[PDB]
Amino acid sequence: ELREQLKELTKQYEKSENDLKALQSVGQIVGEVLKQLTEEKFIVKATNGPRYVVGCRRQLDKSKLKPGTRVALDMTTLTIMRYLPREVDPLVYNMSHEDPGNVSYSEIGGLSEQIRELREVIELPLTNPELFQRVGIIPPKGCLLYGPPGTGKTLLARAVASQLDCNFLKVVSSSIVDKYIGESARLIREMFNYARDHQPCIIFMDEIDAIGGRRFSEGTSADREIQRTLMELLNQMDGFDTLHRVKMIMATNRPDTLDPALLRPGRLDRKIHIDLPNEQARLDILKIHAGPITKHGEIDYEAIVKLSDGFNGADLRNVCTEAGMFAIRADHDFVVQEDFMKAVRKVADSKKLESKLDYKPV
Amino acid sequence: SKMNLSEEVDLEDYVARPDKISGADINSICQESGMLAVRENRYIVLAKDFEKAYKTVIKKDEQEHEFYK
Amino acid sequence: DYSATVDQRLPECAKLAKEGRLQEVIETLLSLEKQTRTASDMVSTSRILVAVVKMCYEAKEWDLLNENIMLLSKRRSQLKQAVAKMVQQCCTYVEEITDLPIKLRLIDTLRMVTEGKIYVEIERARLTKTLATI
Ligand SMILES: Nc1ncnc2c1ncn2[C@@H]1O[C@H](COP(=O)(O)OP(=O)(O)OP(=O)(O)O)[C@@H](O)[C@H]1O
Ligand SMILES: [Mg+2]
């Protein structure tokens, strides 16, 4: 038994020795080089804000650390120890890594023209970028999926994110806003820096009107800070530095409140309207959302669609859910057309509490 | 000038319209015409493409009630 | 279904055109071409187009062929690859053509058909080379 006993003890020995070696190491202050002075003096600013002139430990290949490069200054002498790659904020990391479920284009109904416009803007320019060169244009960069609530804008964005390969950055415009000074604009700058670093990229901003609202001439300090964020965003899209292979998608249901500079054709090139489902769109959505429901009758989807006038995709999904609710309440392990009719009338009654939904840009 | 148009475009008809549209709007119109040409798999932009692009981009037409004038 | 009907119609209509060139086969094949075009069947549409140009060629048709090529190319929403096979067939046709006037007429018709289409760019390039050589 001593063999295995001492083997495990030696494994724990290696672990503990590694732990002690780590324990005998101290951290280093990350800054960015500003300029090189005399081959041994570098003006470096620590991220905390102070600026110093510091030395450089020898094996650093001074050519590798140029103005703007992240470096690790020693915590005591502040001398450079190693150059680092550009930082990726934890926010931008999780933005890139959010899971858009596994939504497929087969889960979206009436949106066919809109789907192909979005794909025209996103996919083809990033896969065959020479057709547009031949025709003599620079393919559109920005999309505005605007429409009434629950018409499928976020579902379409999720489908695109799941079904395309290029890098994708998920973000709700209200989850960029921070109370610190300049933090939101800095976060947007880091978004676009990450996008440029990973050149084939898409940036989806859900409910953009959180940030991209109209600019107030009499707003508060908070409004002015959010407007600074908006203007940083506008400069990033169509400012001095051109954007290559980075596309923007922005979803909204109050496009009338967006800044005209944001709605400008140069920034949000193609504004596509995810309108309320028409007759055929309602039929398609109802089939999509009633496919998995165990129906045991003859379903006049046409009648359901006729009574579903003015509904949205979420309303039709709720029609299916309410038919199921009626089934359980009746203690039935299936659904029928009487249940579907009751559900659609219930949702129609619920729709009476809404307000204006036909909001358009410009 | 950077694109390759068919000789049937006659941009004058589009220029001589009563729309308040910026240079960005003009670039968007031309860009959408090129996009439609690519969609139909052609490398020459047609008057059809420009018509469709203009109608798709300059959609400001709304209101202007006729009884005020 | 579409493959069966097209392979059944093509020989019968070819024979009907052969012994008389009644030309009603052209309209029958046009209706079948419209059906397949709506159904998105590619190989069918290709076969009907190539057979139409085929028969119009065996018939001594120096104007009906050009007109029919123009109409077929300018139909509503035809299939790009089907028109590609049609144009390729027309190129291998115009290759073996004497009689400079109709040679040039057909060359010009094909050029006008394929002016600005990517899927037929190579065929138009070879066609332009042939015109320049002539
Ligand atoms: N066209 C559609 N096809 C299928 N389901 C749809 C469609 N539109 C909406 N839905 C359903 O709506 C719910 C998701 O709606 P989504 O988040 O896409 O709406 P939205 O248009 O972005 O609205 P909001 O303005 O409220 O954010 C899901 O139940 C989805 O099934
Ligand atoms: Mg949404």
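Residues numbered from 1 in each chain as written, not as in the entry; some residues may be left out. Chains lettered and ligands numbered in written order. Part of a larger assembly, values for the part shown. Heavy atoms only, no water.

As recorded in the entry header, the structure was determined using cryo-EM to a resolution of 2.9 Å.

By the naming in the PDB entry, chain C goes by 26S proteasome non-ATPase regulatory subunit 12 and is assigned to Homo sapiens.

Chain A goes by 26S protease regulatory subunit 10B in the PDB entry, where it is assigned to Homo sapiens. What UniProt records for chain A under Subunit (literature references left out) is the sentence "Component of the 19S proteasome regulatory particle complex. The 26S proteasome consists of a 20S core particle (CP) and two 19S regulatory subunits (RP). The regulatory particle is made of a lid composed of 9 subunits, a base containing 6 ATPases including PSMC6 and few additional components. Interacts with PAAF1." (UniProt positions renumbered as here; feature names shortened; annotations may be inferred.)

Colleague: An account of the overall build of chain C is needed here, citing residue identities and associated values.
Modeller: For chain C, the count of helices and strands is seven helices and zero strands. The order of α-helices and β-strands along chain C, N terminus first, is α-α-α-α-α-α-α. Considered along the principal axes of its C-alpha atoms, chain C spans approximately 45 × 35 × 20 Å. Counting over 134 residues, chain C shows a buried share of 44%. A separation of at least 24 residues holds for 65% of the contacts in chain C among residues at least 6 apart in sequence. With the model as given, the accessible surface of chain C reaches about 7,500 Å², and the carbon-plus-sulfur share is 54%. A distance of 4 Å separates the average location of the 21 positive side-chain charges in chain C from that of its 19 negative side-chain charges. (Helix = DSSP H or I, 4+ residues; strand = E, 2+ residues; numbered from the N terminus. Buried < 20%, exposed > 50% of the residue type's maximum accessible area, 1.4 Å probe, protein only. Contact = heavy atoms within 4.5 Å. Areas by Shrake-Rupley, 256 points an atom, 1.4 Å probe, with all protein chains shown as cover. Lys, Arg positive; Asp, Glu negative; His and termini not counted. Charge placed at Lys NZ, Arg CZ, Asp CG, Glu CD.)

Colleague: An account of the overall build of chain A is needed here, citing residue identities and associated values.
Modeller: Secondary structure assignment for chain A yields twelve helices and ten strands. For chain A, whose C-alpha radius of gyration is 28 Å, the value lies well above the compact-globule estimate of 21 Å for 362 residues. Summarising its shape, the C-alpha atoms of chain A cover approximately 80 × 75 × 50 Å along the three principal directions. Burial statistics for chain A: of 362 residues in total, 43% are counted as buried. Where the 52 positive side-chain charges of chain A centre and where its 54 negative ones centre are 6 Å apart. (Rg over C-alpha atoms; globule rule 2.2 N^0.38 Å.)

Colleague: Describe the interface of chain A and chain B, and please don't skip the residues or the numbers.
Modeller: At the interface, 22 residues of chain A touch 19 residues of chain B. Taken together, both faces of the contact between chain A and chain B bury some 1,600 Å²; the carbon and sulfur share is 60%. Counting every contact that joins chain A to chain B gives three salt bridges. Notably, a salt bridge pairs B:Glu32 with A:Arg270, separated by 3.7 Å at the nearest N-O pair. Taken together, chain A and chain B are joined by one residue pair in polar contact. (Buried area = accessible area lost by both parts, 1.4 Å probe. Salt bridge = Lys/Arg side-chain N within 4 Å of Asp/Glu carboxyl O. Polar contact = N/O pair within 3.5 Å; in protein donor to acceptor, adjacent residues only side chain to side chain.)

Colleague: Tell me about the site of ligand 1, and name the residues and values.
Modeller: All names here are of chain A. If you check the shell around ligand 1, you find 18 residues, and the closest are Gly150, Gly152, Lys153, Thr154 and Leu155. Taking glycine 109, its main chain carries an N or O atom lying 3.2 Å from a nitrogen atom of ligand 1. One of the side-chain N or O atoms of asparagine 253 is found 3.0 Å from an oxygen atom in ligand 1. Of all the elements in the fold, those that place two or more residues in the shell around ligand 1 are α5 (153-163), α9 (279-290) and α11 (313-329). Among the residues forming the shell around ligand 1, the class breakdown is six nonpolar, eight polar and four charged. (Near = heavy atom within 4 Å. Nonpolar A, V, L, I, M, F, W, Y, C, P; charged D, E, K, R; others polar.)

Colleague: Explain the environment of A:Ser16 residue by residue, including any values.
Modeller: Here A:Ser16 is to be found in helix α1 (residues 2-23). On a C-alpha basis, the gap between A:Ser16 and A:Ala210 in space is 51 Å, while along the polypeptide they are 194 residues apart.

Colleague: Which residues make up the pattern of salt bridges, and what values do they have?
Modeller: Residues and elements named next belong to chain A. Scanning the model with the defined rule gives 35 salt bridges over all chains in all. Two residues, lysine 7 and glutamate 4, come together in a salt bridge whose shortest N-O distance is 2.7 Å. Of the two residues, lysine 7 and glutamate 4 are both situated in helix α1; the distance of three residues between them amounts to about one turn of the helix. Owing to a relative accessible area of 39%, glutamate 4 belongs among the partly exposed residues under this scheme. Its salt-bridge partner being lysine 21, residue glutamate 17 comes within 3.1 Å of it at the nearest N-O pair. Of the two residues, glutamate 17 and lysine 21 both sit in helix α1, four residues apart, roughly one turn of that helix.

Colleague: For the packing of aromatic side chains, give the residues involved together with the corresponding values.
Modeller: All names here are of chain B. Within the structure shown, the criterion is met by four aromatic pairs over all chains. Ring centres of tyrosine 14 and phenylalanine 50 lie 5.9 Å apart, and the angle between their planes is 15 degrees; on these two criteria the pair is classed as stacked. Residue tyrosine 14 is found in helix α1 (residues 12-15), and its partner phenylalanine 50 is found in helix α3 (residues 47-57); the two are separated by 36 residues along the sequence. For the residue pair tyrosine 14 and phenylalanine 50, the accessibility class agrees, reading buried in each case. Taking the centre distance of 4.0 Å and the plane angle of 35 degrees together, the rings of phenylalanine 67 and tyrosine 68 count as tilted. (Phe/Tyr/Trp six-rings, centres within 6.5 Å; stacked < 30°, edge-to-face > 60°.)

Colleague: If you had to explain α3(B) to someone new, which residues and values would you point to?
Modeller: Residue pairs three or four apart in sequence face the same way in an α-helix, which turns once every 3.6 residues. Residue and element names in this part refer to chain B. Along α3, the positions that sit buried rather than exposed are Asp49, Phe50, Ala53, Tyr54 and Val57. The buried residues of α3 occupy an angular sector of 125 degrees when the element is viewed end-on, so they sit on one face. Elements that come into contact with the buried residues of α3 comprise α1 and α2 (23-39). (Arc of directions from axis to C-beta.)

Colleague: Let's hear about the sheet that holds strand β5 (residues 80-84) of chain A: which residues, and what values?
Modeller: Note: strands within a sheet are paired through backbone hydrogen bonds, in either parallel or antiparallel orientation. Residues and elements named next belong to chain A. With antiparallel pairing, the five strands of this open sheet are ordered in space as β3-β2-β1-β4-β5. What marks the edges here is a single partner per strand, and that holds for β3 (51-54) and β5. Between one strand axis and the next, the sheet turns through 40 degrees on average, direction left out of account. Here five bridges tie strand β1 (residues 28-36) to strand β4 (residues 70-74), and the two strands are oriented antiparallel to one another. Within β4, the position partnered with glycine 31 by the bridge is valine 71. (Pairing = 2+ DSSP bridges. Axes fitted to C-alpha atoms, helices over the stretch in contact; angles between N-to-C directions.)

Colleague: I'd like a rundown of the environment of B:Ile26, residues and numbers included.
Modeller: Here B:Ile26 is to be found in helix α2. Separated by 15 residues in the primary sequence, B:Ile26 and B:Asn41 have C-alpha atoms spaced 23 Å apart.

Colleague: Which residues make up the pairing of strand β9 (residues 246-252) of chain A, and what values go with them?
Modeller: All names here are of chain A. Most of β9 is tucked away, with seven of its seven residues classed as buried. Here β9 shows a buried face lined by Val246, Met248, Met250 and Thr252 and a second buried face lined by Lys247, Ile249 and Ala251. Here strand β6 (residues 142-146) pairs with β9 via five bridges, running parallel. Its bridge partner lying in β9, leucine 145 is registered against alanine 251. Alignment of strand β8 (residues 201-206) against β9, held across six bridges, turns out to be parallel. Looking across to β9, one finds that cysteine 201 is bridged to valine 246.

Colleague: Go over a negative patch on the surface, please, and point to the residues and values.
Modeller: Residue and element names in this part refer to chain B. On the surface, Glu8, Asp10, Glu12 and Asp13 cluster together into a negatively charged patch. Mapped onto the secondary structure, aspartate 10 falls in the segment before α1. Of the residues examined, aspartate 10 reaches a relative accessible area of 53% and is grouped as exposed. (Patch = residues over 30% accessible without salt bridge, like charges linked within 9 Å, V, L, I, M, F, W, Y side chains within 5 Å.)

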